[PDB]
Structure formats: structure tokens, C-alpha cells
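Engineer: Chains as they are written, first to last, in the authors' numbering: chain F, 1843 to 1891; chain E, 1795 to 1842. Here it is: the structure, laid out below.
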Ligand SMILES: *[C@@H]1O[C@H](CO)[C@H](O)[C@H](O)[C@H]1O
Ligand SMILES: *[C@H]1O[C@H](CO)[C@H](O)[C@H](O)[C@H]1O
Ligand SMILES: *[C@H]1O[C@H](CO)[C@H](O)[C@H](O)[C@H]1O
Ligand SMILES: *[C@H]1O[C@H](CO)[C@H](O)[C@H](O)[C@H]1O
Ligand SMILES: *[C@H]1O[C@H](CO)[C@H](O)[C@H](O)[C@H]1O
Ligand SMILES: *[C@H]1O[C@H](CO)[C@H](O)[C@H](O)[C@H]1O
Ligand SMILES: *[C@H]1O[C@H](CO)[C@H](O)[C@H](O)[C@H]1O
């Protein structure tokens, strides 16, 4: 070949830039709903006459 | 006599064989040329 390996005048290219990071884990979750309220007491029956 | 191993001749009546010339591809590079057989009338690049 006409221009041998000593005549190659182009500087070499850089190495590959590093690979990106992975994604994050799945986020947690919003705390579920506390169970419903306890119904109040009940009116004691009619007093006597 | 047969031409020597790296010499060649093409004309019939010759008083001496001629050495194979180098092959010119460009500036300042020459590929030397050899011969395949003993008595031959043409030279090829000696690398291949
Ligand atoms: C608390 O609430 C979240 C909301 O989706 C989830 O269901 C959990 O299972 C529960 O305990
Ligand atoms: C890096 O690449 C260049 C090509 O421009 C050249 O071949 C160098 O010899 C090599 O090290
Ligand atoms: C990433 O890195 C390579 C070499 O490590 C190169 O310089 C790139 O320019 C860069 O983006
Ligand atoms: C991730 O990226 C770089 C190039 O950006 C390289 O190819 C690594 O091999 C890959 O893991
Ligand atoms: C769950 O993970 C994601 C990561 O991107 C978020 O930012 C928080 O770390 C959390 O909500
Ligand atoms: C009275 O008390 C509560 C309400 O005040 C509930 O409904 C009971 O069933 C009733 O007896
Ligand atoms: C009759 O019963 C009621 C209960 O609510 C109350 O104690 C009265 O004082 C009683 O007379």
C-alpha cells in the first residue's frame, strides 16, 4: 500500500466516555387509611314517673 | 543458460539477464520484485 503505517498523520480518537448510572428503586407509598371512628355511647332509656 | 532465480529476460537473443526492477507505487516507497521460477521472462512483486 502506498502510504505505509508510518505515514498515518491523524491523531487517535479518545476512549469511550463512561456508562450512565442505573435508575432508582421504586419509591415507597403513602400510608394507608386508619380504620373508622368508634360510634359514641347511646342515650339511657326513659326514667320513671 | 536459464536466467537466475531473481533475474529475467524477454528478448530471445540476449547476452545477459536483467535484474527485476522495484515496483513504484508512490513517493519514496519501492516494492522489491522477485521471480517465481528459475527461467522466467516477467517479474512480480516479491511480497505476494
Ligand atoms: C397502606 O396503603 C397502601 C396504599 O395502597 C397499600 O395499599 C398498603 O397495602 C396499605 O397497607
Ligand atoms: C490511534 O488512531 C490513529 C488514527 O487516526 C492512528 O491509527 C494511531 O496510530 C492510533 O494509535
Ligand atoms: C467522555 O469521556 C471520553 C474519554 O474518557 C471523551 O473524552 C469524551 O469527550 C467525553 O464526553
Ligand atoms: C455504557 O456507556 C459507555 C459508552 O457511553 C460504554 O459503551 C460502556 O461499555 C457502556 O456500559
Ligand atoms: C422514591 O424513589 C424516587 C427516586 O427518584 C424518589 O426520588 C424518592 O427517592 C422516593 O419518592
Ligand atoms: C345508641 O348509641 C350509638 C349512637 O349514639 C349507636 O347508634 C347505638 O347503636 C345506639 O344504641
Ligand atoms: C332516669 O334514667 C336516666 C338515665 O339517663 C337518668 O339517670 C335519670 O336521672 C333517671 O331518673
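Using N, Cα and C, we set each Cβ at its ideal position, and we do this for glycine too.
Give the residues of chain F in contact with residue 1819 of chain E, contact being defined as C-beta atoms less than 8 Å apart.
Structural biologist: By 1-based counting over the second chain, the position of residue 1819 of chain E is 25. Chain F residues near residue 1819 of chain E: 1843, 1844.
Engineer: Can you list, in chain order, the residues of its chain with a C-beta nearer than 8 Å to that of residue 1819 of chain E? Leave out the 5 residues immediately preceding and following it.
Structural biologist: The sequence position of residue 1819 of chain E within the second chain is 25, counting from 1. Here the set comprises 1825.
Engineer: In terms of residue numbering, what span does the beta strand (DSSP E) encompassing residue 1825 of chain E cover?
Structural biologist: Along the second chain, read from residue 1 onward, the residue named residue 1825 of chain E stands at position 31. Per DSSP, residue 1825 of chain E belongs to the beta strand (DSSP E) from 1823–1825.
Engineer: Under 8 Å between the Cβ atoms of residue 1829 of chain E and residue 1804 of chain E?
Structural biologist: Locating residue 1829 of chain E in the second chain gives position 35, counting from the first residue. Locating residue 1804 of chain E in the second chain gives position 10, counting from the first residue. Going by C-beta atoms, residue 1829 of chain E is not nearer than 8 Å to residue 1804 of chain E.
Engineer: Given a cut-off of 8 Å, decide if residue 1802 of chain E and residue 1834 of chain E are closer than it, judged by their beta-carbon atoms.
Structural biologist: Locating residue 1834 of chain E in the second chain gives position 40, counting from the first residue. Locating residue 1802 of chain E in the second chain gives position 8, counting from the first residue. Cβ distance < 8 Å, so residue 1834 of chain E and residue 1802 of chain E count as in contact.
Engineer: Over what stretch of residues does the beta strand (DSSP E) that includes residue 1832 of chain E continue unbroken?
Structural biologist: Locating residue 1832 of chain E in the second chain gives position 38, where the first residue counts as 1. Taken as a continuous stretch (DSSP letters only), residue 1832 of chain E belongs to no beta strand (DSSP E), as it is neither H nor E.
Engineer: Taking 7 Å as the cut-off, is the C-beta of residue 1872 of chain F nearer than that to any heavy atom in ligand 1?
Structural biologist: For this step, residue 1872 of chain F is matched to residue 30 along the first chain. At least one heavy atom of ligand 1 is nearer than 7 Å to the Cβ of residue 1872 of chain F, so yes.
Engineer: Checking the sheet assignment: what are the DSSP bridge partners for residue 1820 of chain E?
Structural biologist: Here residue 1820 of chain E refers to the residue found at position 26 when the second chain is read from its first residue. Beta-bridge pairing links residue 1820 of chain E to E:1823.
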